[PDB]
Amino acid sequence: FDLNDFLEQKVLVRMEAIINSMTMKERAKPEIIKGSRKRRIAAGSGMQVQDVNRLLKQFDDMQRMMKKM
RNA sequence: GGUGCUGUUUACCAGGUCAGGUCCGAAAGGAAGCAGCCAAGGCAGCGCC
């Protein structure tokens, strides 16, 4: 279960904007995304790093709730 | 080395285009620009010089 998936699922259009600013590898291995990449993605989708982390925060809980069934 | 071809490879770090999103604006409209893609580079094979 990756971010390509999480995508298939005003605050929603902005949640796509962010993933839309990532690369295939970042969607395939979210963990590889540290500060530098966060920065690239925030500016790339007119957001703020906090916003991204937020989106990253969600996927994590969503993924975590995927390793429980 | 250069050059052509082919395969491969490359988040951002003065290429181009720029979905999506963002910014400025009452608006008309401007602006920057991620991913992609094209280009360019890297690693190689073959040919040519």
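Below, all heavy atoms of this structure are taken into account, side chains as well, without hydrogens, waters or symmetry copies. Below, chains carry the letters A, B, ... as their sequence lines are ordered, and counting in each starts from 1.
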Check whether any side-chain N or O of A:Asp51 sits under 3.5 Å from a backbone N or O of A:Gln48 as a donor-acceptor pair, and report yes or no. yes

Between atom [atom1] in [X] and atom [atom2] in [N], what is the gap in whole Å?
X: A:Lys29; N: B:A11; atom1: NZ; atom2: P; result: 12 Å
X: A:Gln48; N: B:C23; atom1: CD; atom2: P; result: 10 Å
X: A:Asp51; N: B:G21; atom1: CG; atom2: P; result: 15 Å

Base paired to [N] (Watson-Crick or G-U; both N/O distances under 3.5 angstrom):
N: B:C37; result: B:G16
N: B:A11; result: none
N: B:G21; result: none
N: B:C46; result: B:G4

Take atom [atom1] in [N] and the same atom in [M], then report the distance between them in whole Å.
N: B:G21; M: B:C5; atom1: P; value: 38 Å
N: B:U17; M: B:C34; atom1: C1'; value: 13 Å
N: B:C43; M: B:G16; atom1: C1'; value: 25 Å
N: B:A14; M: B:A40; atom1: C1'; value: 14 Å

Tabulated below should be each protein N or O lying under 3.5 Å from an N or O of nucleotides 7-9 of chain B; please produce it.
none

The reported gap from CZ in A:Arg64 to CZ in A:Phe59 (rounded to nearest 0.5 angstrom) is 11.0 Å

Do any pairs count as a side chain to side chain donor-acceptor pair (under 3.5 Å) and have a residue in residues 31-43 of chain A, sequence neighbours left out, and if so which ones? A:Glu26-A:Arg37, A:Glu26-A:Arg40, A:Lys38-A:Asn53

Give the B/S/- string for nucleotides 32-37 of chain B, one per nucleotide from 5' to 3', where a protein heavy atom under 4.0 Å of the base yields B, of only the sugar-phosphate yields S, and otherwise -. --BS--

Name of the residue among A:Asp60, A:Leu55, A:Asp61 meeting side chain to side chain contact (heavy atoms under 4.5 Å, CB included) with A:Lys57: A:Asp61

